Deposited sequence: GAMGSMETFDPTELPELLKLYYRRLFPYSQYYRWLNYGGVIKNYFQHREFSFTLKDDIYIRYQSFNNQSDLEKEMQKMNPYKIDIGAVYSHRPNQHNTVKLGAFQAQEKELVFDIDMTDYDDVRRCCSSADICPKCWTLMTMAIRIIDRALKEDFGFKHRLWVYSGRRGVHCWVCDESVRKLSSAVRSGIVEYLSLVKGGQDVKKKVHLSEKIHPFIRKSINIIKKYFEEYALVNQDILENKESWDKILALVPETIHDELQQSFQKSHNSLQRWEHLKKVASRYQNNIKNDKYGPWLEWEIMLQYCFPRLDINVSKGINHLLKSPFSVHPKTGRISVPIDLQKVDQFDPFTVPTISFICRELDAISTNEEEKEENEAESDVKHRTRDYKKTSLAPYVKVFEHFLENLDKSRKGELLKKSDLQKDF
């Protein structure tokens, strides 16, 4: 924003939707094996066109119909909503209030601006190699929990194309989950709350739940390099006063003094850990520990979870393989086995892949888009494997 002339977007989009957008894989995803009738036909799609104009409640009969309409309207953005009780594109014809959102993937949307209070590196409208690690940590923290703590097997992670990282959890049972249960998942996962003028946003109890411990252990792999070297969070008085507002009055002064005697954020952090580990929860206690150190790390490194993104079944979220109009970047799947190597800055733009396409119009495999489609395919393969596995179990129950 802005790296190419935005007036070439319409012609690039036209070519993109004609030769490059992976419809086969995309339909395979949203049709979910085709075994539940109307599942794709009842999906809301929402297109954004030129000038921030968008259309709600579009839906399509099949792959060919979707292709044809995407190729006709050539949208700047594609959003995906819920699966509804009826065809979204006929919602007006429906009785009183029978048109209801019924099912959707459980989604998360981690937004880099939500870390602005604890970022020092680039700027509010930017990302850089110094803050990106926040997203890496957010992925590892949330995915571990979704996988290990909840048993969710089908989790697609997606880079927004700009400053965001999205998760779609797509398990059959998850898609059916109620709003109340979605909230409960968000509540369980949440540690950073949650106001503009609340200075201290993490308060830990004496007793550590395994979720908190396991999240902290992930942050600890990154904390030195990320917070002490890259962000340099205890660099000067101006910056370390922000950390001192998170510790008790009792120790503000002792820490202040030894901060000024050391030179590194590295050295000052070691001093903070020491001092904070000796703080007595006034008084009568005799029990000491790392709660304060953990609270600071969580405030700086733990993802902020917007309750509404995950709670509302009808919420729209930018589609994978949609283009980000501001950056030109394709919204691409992130390979979870390689999350530490994921590089948002080398994610190709629409113009770049259109160029590759006809440099001496065919297929996406001759462009830089290809590896990202391979990642999508592995995800889809796992969805195929599961359905077949469960169909076997169901088929074995129909035998007695």
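Missing from the model, relative to the deposited sequence, are the ranges 1 to 5, 366 to 384, 425.
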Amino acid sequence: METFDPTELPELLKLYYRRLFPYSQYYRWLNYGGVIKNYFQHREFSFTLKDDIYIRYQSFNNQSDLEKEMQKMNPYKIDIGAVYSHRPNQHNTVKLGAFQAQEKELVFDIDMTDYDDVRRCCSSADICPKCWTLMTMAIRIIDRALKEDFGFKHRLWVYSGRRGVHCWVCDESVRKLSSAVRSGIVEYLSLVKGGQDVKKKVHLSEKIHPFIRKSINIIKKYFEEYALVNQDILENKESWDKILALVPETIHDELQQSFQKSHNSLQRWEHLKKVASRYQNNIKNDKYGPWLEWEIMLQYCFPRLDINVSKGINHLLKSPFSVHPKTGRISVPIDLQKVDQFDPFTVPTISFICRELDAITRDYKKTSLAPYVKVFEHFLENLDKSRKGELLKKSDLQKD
From here on, numbers count along this sequence of modelled residues.
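Rigid core: the largest C-alpha set superposing within 1.5 Å between the two forms.
The stretch that moves more in 7 other deposited structures of this protein, judged by CA deviation after a rigid core superposition and choosing between 75 to 83 and 121 to 129, is 121 to 129. A fit on the rigid core, followed by a root mean square over CA positions in 7 other deposited structures of this protein, ranks 305 to 313 against 210 to 218 and picks 305 to 313 as the more shifted one. Across the other compared structures of the same protein with both neighbouring residues present, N61 carries coordinates in every case, with no third of them leaving it out. Not even a third of the other compared entries skip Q337; each one keeps it along with the residues on either side. Higher mean CA B-factor, judged across 295 to 303 and 257 to 265 from the recorded values: 257 to 265. Of the two stretches examined, 363 to 371 and 327 to 335, the record assigns the greater average C-alpha temperature factor to 363 to 371.
Of the candidates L106, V94, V158, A180, the deposited coordinates give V94 the top C-alpha B factor. Looking at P290, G195, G164, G81, the one whose CA carries the top B-factor in the deposited record is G195. Compared with the other modelled residues of the chain, the Cα B-factor recorded for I53 ranks in the middle third. In the PDB entry, a CA B factor belonging to the middle third of its chain's modelled residues is recorded for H315.
Split the chain's modelled residues into thirds by C-alpha temperature factor. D343 is in the middle one.
In the PDB entry, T349 places in the lowest third of its chain by CA B-factor.
Remark: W240 belongs to the highest third of its chain, ranked by C-alpha B-factor as recorded.
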